[PDB]
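Enquirer: The file below is structure-v5.cif, mmCIF, C-alpha atoms and all ligand atoms:
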data_data
loop_
_atom_site.label_atom_id
_atom_site.label_comp_id
_atom_site.auth_asym_id
_atom_site.auth_seq_id
_atom_site.Cartn_x
_atom_site.Cartn_y
_atom_site.Cartn_z
CA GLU K 1 10.20 -56.31 -73.30
CA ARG K 2 9.45 -53.36 -71.01
CA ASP K 3 12.68 -51.72 -69.78
CA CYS K 4 12.06 -51.15 -66.07
CA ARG K 5 15.52 -49.92 -65.22
CA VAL K 6 15.22 -46.56 -63.39
CA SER K 7 18.11 -45.13 -65.38
CA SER K 8 16.07 -45.62 -68.57
CA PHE K 9 13.00 -43.64 -67.51
CA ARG K 10 12.14 -40.59 -69.59
CA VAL K 11 11.44 -37.42 -67.59
CA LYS K 12 9.96 -34.08 -68.56
CA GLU K 13 12.03 -32.35 -71.25
CA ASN K 14 13.01 -28.76 -70.46
CA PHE K 15 11.27 -28.82 -67.07
CA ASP K 16 10.31 -25.30 -65.95
CA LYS K 17 10.41 -24.85 -62.16
CA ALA K 18 8.64 -21.51 -62.17
CA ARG K 19 5.75 -22.82 -64.27
CA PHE K 20 5.43 -25.75 -61.92
CA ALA K 21 4.85 -23.53 -58.89
CA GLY K 22 1.46 -23.32 -57.20
CA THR K 23 -1.10 -25.72 -55.84
CA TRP K 24 -1.09 -29.38 -56.79
CA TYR K 25 -3.70 -31.78 -55.48
CA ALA K 26 -2.59 -35.41 -55.15
CA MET K 27 -5.21 -37.52 -56.89
CA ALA K 28 -3.55 -40.93 -56.95
CA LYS K 29 -0.46 -42.51 -55.52
CA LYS K 30 1.71 -45.59 -55.50
CA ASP K 31 3.15 -46.14 -52.01
CA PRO K 32 6.66 -47.06 -50.87
CA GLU K 33 7.55 -49.27 -47.91
CA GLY K 34 6.82 -47.90 -44.47
CA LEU K 35 5.05 -44.81 -43.31
CA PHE K 36 3.66 -42.53 -45.98
CA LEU K 37 1.10 -39.81 -46.45
CA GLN K 38 -2.34 -41.41 -46.69
CA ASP K 39 -4.93 -38.95 -47.99
CA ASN K 40 -6.10 -35.33 -48.10
CA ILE K 41 -2.78 -34.54 -49.75
CA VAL K 42 -2.11 -31.13 -51.25
CA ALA K 43 1.30 -29.72 -52.16
CA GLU K 44 2.26 -26.09 -52.68
CA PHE K 45 5.38 -25.56 -54.81
CA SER K 46 7.40 -22.35 -54.75
CA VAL K 47 10.46 -21.02 -56.56
CA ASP K 48 12.46 -18.14 -55.10
CA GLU K 49 14.24 -15.36 -56.98
CA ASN K 50 17.43 -17.38 -57.31
CA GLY K 51 15.60 -20.33 -58.89
CA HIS K 52 15.46 -22.58 -55.82
CA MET K 53 12.34 -24.71 -55.72
CA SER K 54 10.74 -25.82 -52.51
CA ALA K 55 7.33 -27.07 -51.46
CA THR K 56 5.10 -27.59 -48.47
CA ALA K 57 2.65 -30.47 -48.38
CA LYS K 58 -0.17 -31.36 -46.10
CA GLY K 59 -1.84 -34.71 -45.67
CA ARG K 60 -3.26 -37.14 -43.17
CA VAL K 61 -0.87 -39.90 -42.04
CA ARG K 62 -1.19 -42.65 -39.47
CA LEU K 63 1.79 -42.78 -37.10
CA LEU K 64 3.13 -46.06 -35.69
CA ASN K 65 0.51 -45.62 -32.89
CA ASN K 66 -2.45 -45.48 -35.29
CA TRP K 67 -3.13 -41.81 -34.61
CA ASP K 68 -4.31 -40.20 -37.85
CA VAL K 69 -2.59 -36.80 -37.77
CA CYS K 70 -2.39 -33.94 -40.28
CA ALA K 71 1.24 -33.69 -41.30
CA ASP K 72 2.68 -30.36 -42.45
CA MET K 73 5.73 -31.32 -44.51
CA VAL K 74 8.44 -29.14 -46.00
CA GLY K 75 10.76 -30.01 -48.87
CA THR K 76 13.71 -28.26 -50.48
CA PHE K 77 14.83 -29.35 -53.94
CA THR K 78 18.38 -29.46 -55.13
CA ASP K 79 18.86 -29.13 -58.89
CA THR K 80 20.82 -31.73 -60.79
CA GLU K 81 22.30 -32.04 -64.27
CA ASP K 82 18.80 -33.18 -65.44
CA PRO K 83 16.39 -30.24 -64.97
CA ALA K 84 13.49 -32.64 -64.20
CA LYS K 85 15.41 -34.62 -61.55
CA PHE K 86 15.91 -33.23 -58.06
CA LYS K 87 17.10 -34.31 -54.66
CA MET K 88 14.36 -33.46 -52.10
CA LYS K 89 15.33 -32.95 -48.49
CA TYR K 90 12.15 -33.07 -46.41
CA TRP K 91 10.91 -32.81 -42.86
CA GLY K 92 7.73 -32.04 -40.97
CA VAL K 93 6.95 -29.04 -38.85
CA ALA K 94 6.27 -31.58 -36.03
CA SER K 95 9.49 -33.23 -34.88
CA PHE K 96 8.05 -36.73 -34.80
CA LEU K 97 7.35 -36.76 -38.54
CA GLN K 98 9.67 -38.54 -40.95
CA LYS K 99 12.67 -36.68 -42.29
CA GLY K 100 14.74 -37.75 -45.31
CA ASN K 101 16.27 -37.13 -48.68
CA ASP K 102 14.51 -38.62 -51.70
CA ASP K 103 14.95 -38.45 -55.43
CA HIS K 104 12.11 -36.34 -56.86
CA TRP K 105 11.55 -36.73 -60.61
CA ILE K 106 8.96 -34.95 -62.73
CA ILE K 107 8.13 -37.70 -65.18
CA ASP K 108 5.69 -35.53 -67.06
CA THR K 109 3.51 -32.45 -66.64
CA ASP K 110 1.70 -29.94 -68.78
CA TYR K 111 1.97 -27.46 -65.87
CA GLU K 112 -1.71 -26.46 -65.93
CA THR K 113 -3.54 -29.79 -65.72
CA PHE K 114 -1.51 -32.75 -64.47
CA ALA K 115 1.83 -33.91 -63.22
CA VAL K 116 3.35 -37.34 -62.68
CA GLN K 117 6.07 -37.53 -60.02
CA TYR K 118 8.32 -40.40 -59.11
CA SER K 119 10.91 -41.40 -56.53
CA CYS K 120 12.98 -44.55 -56.36
CA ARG K 121 14.38 -44.97 -52.83
CA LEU K 122 16.31 -48.16 -53.50
CA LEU K 123 17.66 -49.80 -56.65
CA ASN K 124 17.56 -53.49 -57.27
CA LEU K 125 20.80 -55.06 -58.48
CA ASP K 126 19.18 -55.31 -61.94
CA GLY K 127 18.63 -51.59 -62.02
CA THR K 128 14.90 -51.75 -61.47
CA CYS K 129 13.42 -50.03 -58.44
CA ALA K 130 13.05 -52.00 -55.20
CA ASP K 131 11.16 -49.28 -53.31
CA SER K 132 9.34 -46.55 -55.18
CA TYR K 133 6.59 -44.07 -54.73
CA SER K 134 4.71 -41.92 -57.22
CA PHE K 135 2.10 -39.18 -57.12
CA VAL K 136 -0.34 -38.13 -59.81
CA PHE K 137 -1.12 -34.47 -59.21
CA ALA K 138 -3.88 -32.24 -60.58
CA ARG K 139 -4.34 -28.48 -60.79
CA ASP K 140 -8.07 -29.06 -60.42
CA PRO K 141 -9.18 -31.61 -57.78
CA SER K 142 -11.79 -32.95 -60.15
CA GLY K 143 -11.15 -36.22 -62.04
CA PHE K 144 -9.19 -35.59 -65.28
CA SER K 145 -10.53 -35.71 -68.85
CA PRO K 146 -10.32 -39.07 -70.69
CA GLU K 147 -7.53 -37.70 -72.81
CA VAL K 148 -5.44 -36.70 -69.67
CA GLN K 149 -6.19 -39.99 -67.94
CA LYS K 150 -4.78 -41.88 -70.97
CA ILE K 151 -1.37 -39.95 -70.98
CA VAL K 152 -1.21 -40.40 -67.17
CA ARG K 153 -1.76 -44.16 -67.68
CA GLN K 154 1.01 -44.17 -70.30
CA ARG K 155 3.41 -42.50 -67.86
CA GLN K 156 2.49 -45.02 -65.14
CA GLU K 157 3.31 -47.84 -67.56
CA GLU K 158 6.67 -46.20 -68.37
CA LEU K 159 7.51 -46.38 -64.65
CA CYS K 160 6.44 -50.08 -64.49
CA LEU K 161 3.77 -49.00 -62.01
CA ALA K 162 0.63 -49.52 -64.10
CA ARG K 163 -2.30 -50.72 -61.91
CA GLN K 164 -0.34 -50.00 -58.71
CA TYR K 165 -1.93 -46.70 -57.77
CA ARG K 166 -4.83 -45.94 -55.44
CA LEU K 167 -7.13 -42.90 -55.64
CA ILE K 168 -6.70 -40.38 -52.80
CA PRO K 169 -9.67 -38.92 -50.87
CA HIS K 170 -9.97 -35.17 -50.20
CA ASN K 171 -12.54 -34.85 -47.41
CA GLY K 172 -11.60 -32.11 -44.99
CA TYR K 173 -9.34 -33.46 -42.21
CA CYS K 174 -6.32 -31.20 -42.85
CA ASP K 175 -5.15 -27.64 -42.58
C1 LIG K 201 7.78 -33.03 -48.79
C2 LIG K 201 7.03 -33.24 -50.07
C3 LIG K 201 6.61 -34.52 -50.64
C4 LIG K 201 6.79 -35.76 -49.85
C5 LIG K 201 6.37 -35.99 -48.58
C6 LIG K 201 6.57 -37.16 -47.86
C7 LIG K 201 7.46 -38.27 -48.49
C8 LIG K 201 6.03 -37.29 -46.61
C9 LIG K 201 6.05 -38.30 -45.71
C10 LIG K 201 5.54 -38.13 -44.49
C11 LIG K 201 5.59 -39.03 -43.40
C12 LIG K 201 6.06 -40.50 -43.60
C13 LIG K 201 4.99 -38.65 -42.19
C14 LIG K 201 4.91 -39.59 -40.99
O1 LIG K 201 6.06 -39.36 -40.17
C15 LIG K 201 5.97 -34.60 -52.03
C16 LIG K 201 6.52 -35.71 -52.93
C17 LIG K 201 4.49 -34.96 -51.80
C18 LIG K 201 6.11 -33.29 -52.84
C19 LIG K 201 5.86 -32.01 -52.01
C20 LIG K 201 6.92 -31.95 -50.88
#
Re-express the file's structure as structure tokens.
Expert:
Amino acid sequence: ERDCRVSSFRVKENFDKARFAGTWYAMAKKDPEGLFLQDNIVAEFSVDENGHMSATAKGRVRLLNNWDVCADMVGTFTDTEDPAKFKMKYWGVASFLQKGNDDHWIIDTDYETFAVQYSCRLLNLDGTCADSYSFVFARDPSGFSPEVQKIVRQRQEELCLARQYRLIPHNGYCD
């Protein structure tokens, strides 16, 4: 039934970088393998004059040594032939934080209430994702509307990630 091949996933039509800019609170996430931001996650997206999108993001993360630090992360997005699909090069302002290059797809957003992001880091041989992560972001760090939760749930099902997300606390700790 369900097509779970990554190449089949619908993304936001006519994605608008400039409209996406601003503050996005992470309200729920699906984690990938390995280290990952844990909670108190807020991203700030920017687009410069020449249309280049970037973002900073802050969140608590536990390092291999169980320290729970506030990470200040930086990403720069490279446009692709699909306006909703980017390559995100990222790093932290501390040198010990993870650095990498991930797909960054805007699965859906209405720009002023919610967004659903996705990254597949590794494809299975069948074209499904072997190692994904996904954030549900909000403009307002309260809960969402029933009507916006239902839409978010539909987008999670499109990604074959239904029931795989956890809610994210916001309770001080970071910057
Ligand atoms: C940069 C950035 C993002 C991803 C951050 C990641 C993937 C951080 C991982 C941090 C680690 C593992 C720290 C421990 O060393 C998201 C998608 C939120 C969008 C905003 C910009």
Enquirer: Between K:87, K:99, K:5, K:12, which is the closest to ligand LIG 201 (chain K) once you count all atoms listed in the file?
Expert: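 The closest residue to ligand LIG 201 (chain K) is K:99.
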Enquirer: List the neighbours of residue 127 in chain K out to 9 Å using only C-alpha atoms; skip same-chain residues closer than 2 positions along the sequence, and give me the result as a ChimeraX atom specification.
Expert: /K:4-7,123-125,129-130
Enquirer: Dump the neighbourhood of ligand LIG 201 (chain K) as an MDAnalysis selection string: all residues within 9 Å, distances computed on all atoms listed in the file.
Expert: chainID K and resid 24 26 34:38 41:45 54:64 69:77 88:92 94:102 104 117:119 133:135
Enquirer: Between K:15, K:105, K:25, K:67, which one has atoms that come closest to residue 143 in chain K, using only C-alpha atoms?
Expert: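 Among the listed residues, K:25 lies closest to residue 143 in chain K.
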Enquirer: Using Å and a single decimal, report how far CA of residue 84 in chain K sits from CA of residue 47 in chain K.
Expert: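 Value for the CA of residue 47 in chain K-CA of residue 84 in chain K distance: 14.2 Å.
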Enquirer: Given only C-alpha atoms, how would the per-residue table for range 1-31 of chain K near range 155-172 of chain K read, listing every residue at most 6 Å away with its closest atom pair and distance in Å to one decimal, sorted by chain and number, as a Markdown table?
Expert:
| residue | atom | partner | partner_atom | distance |
| --- | --- | --- | --- | --- |
| K:4 | CA | K:160 | CA | 5.9 |
| K:27 | CA | K:168 | CA | 5.2 |
| K:28 | CA | K:167 | CA | 4.3 |
| K:29 | CA | K:165 | CA | 5.0 |
| K:30 | CA | K:165 | CA | 4.4 |
Enquirer: Produce a file of the selected residues containing C-alpha atoms, as a compact mmCIF listing (two decimals), keeping the file's coordinate frame.
Expert:
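The result, written out as part_29.txt:
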# COMPACT_ATOMS: atom_id res chain seq x y z
CA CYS K 4 12.06 -51.15 -66.07
CA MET K 27 -5.21 -37.52 -56.89
CA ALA K 28 -3.55 -40.93 -56.95
CA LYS K 29 -0.46 -42.51 -55.52
CA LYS K 30 1.71 -45.59 -55.50
Enquirer: Taking into account all atoms listed in the file, which residue in the set K:11, K:22, K:140, K:49 is nearest to residue 86 in chain K?
Expert: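 Ranked by minimum distance to residue 86 in chain K, first place goes to K:11.
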Enquirer: Work out how far CA of residue 132 in chain K is from CA of residue 83 in chain K, in Å to one decimal.
Expert: 20.3 Å
Enquirer: Between CA of residue 114 in chain K and CA of residue 17 in chain K, what distance in Å does the model show, to one decimal?
Expert: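 Value for the CA of residue 114 in chain K-CA of residue 17 in chain K distance: 14.5 Å.
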Enquirer: So which one's closest to residue 40 in chain K, K:111, K:9, K:173, K:137? Using only C-alpha atoms, please.
Expert: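 Once distances to residue 40 in chain K are computed over only C-alpha atoms, the minimum belongs to K:173.
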Enquirer: Which residue is closest to residue 112 in chain K? Choose from K:85, K:145, K:19, K:14 and count all atoms listed in the file.
Expert: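 Answer, going by the shortest atom-to-atom distance: K:19.
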Enquirer: Return as AutoDock Vina command-line options the centre and edge lengths, in Å with one decimal, of the box along x, y and z that encloses every atom of range 46-64 of chain K in the file, padded by 6 Å per side.
Expert:
--center_x 7.1 --center_y -30.7 --center_z -47.3 --size_x 32.7 --size_y 42.7 --size_z 35.2
Enquirer: Out of K:78, K:20, K:32, K:151, which residue has the shortest atom-to-atom distance to residue 120 in chain K when counting all atoms listed in the file?
Expert: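 Going through K:78, K:20, K:32, K:151 one by one, the smallest distance to residue 120 in chain K is for K:32.
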